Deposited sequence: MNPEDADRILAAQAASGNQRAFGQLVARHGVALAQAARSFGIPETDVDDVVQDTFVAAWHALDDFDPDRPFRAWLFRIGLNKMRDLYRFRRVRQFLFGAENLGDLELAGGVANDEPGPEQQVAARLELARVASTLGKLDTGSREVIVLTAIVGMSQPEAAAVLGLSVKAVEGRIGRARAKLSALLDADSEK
């Protein structure tokens, strides 16, 4: 696991190792933010705030633990504060966010984590503080809701 080695180095004070974690995970954090409809005026800020908090909290992180799930727990909490207030192409991006925005919050978060950033069901469950079975249930609900929405919009 490349991330485990990088995280251990970052926790020991290596800002260059931390920079590599930012390079590896920053796109996926911003993707999630955009999926949640956070304004472009705020996406870069949230992503920055998430990594700055992660850096300062590395002292309380066991580097053997999965880094992405820990990082996304920080990130999602910061995103939740903002996305309630979500407002060329990208008319395409607005369409994606507005469709996902019609999902109830629980199924929106699970589908963004799994289908958009690419987390496994157990990884998403770890981020969300849910059982893996709860995640599997929410995914089913989300897919059913999306199918209807897409049927009605075509």
Ranges missing from the model, given as deposited sequence positions: 1 to 4, 92 to 122, 190 to 191
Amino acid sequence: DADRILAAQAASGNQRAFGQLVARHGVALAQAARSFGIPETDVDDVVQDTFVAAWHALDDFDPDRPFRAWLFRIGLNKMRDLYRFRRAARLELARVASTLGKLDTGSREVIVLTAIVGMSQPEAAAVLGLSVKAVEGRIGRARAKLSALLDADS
From here on, numbers count along this sequence of modelled residues.
Segment of higher mean CA temperature factor, 89 to 97 or 53 to 61: 89 to 97
44 to 52 or 116 to 124, whichever carries the higher mean Cα B-factor: 116 to 124
Where the record places residue 131 (Cα B-factor, split into thirds across the chain): highest
Cα B factor band for residue 78 (lowest, middle or highest third within the chain): lowest
Record-listed C-alpha B factor of residue 13: chain third: lowest
Residue 31 - Cα temperature factor, lowest/middle/highest third of chain: lowest
CA B-factor ranking of residue 144, expressed as a third of its chain: highest
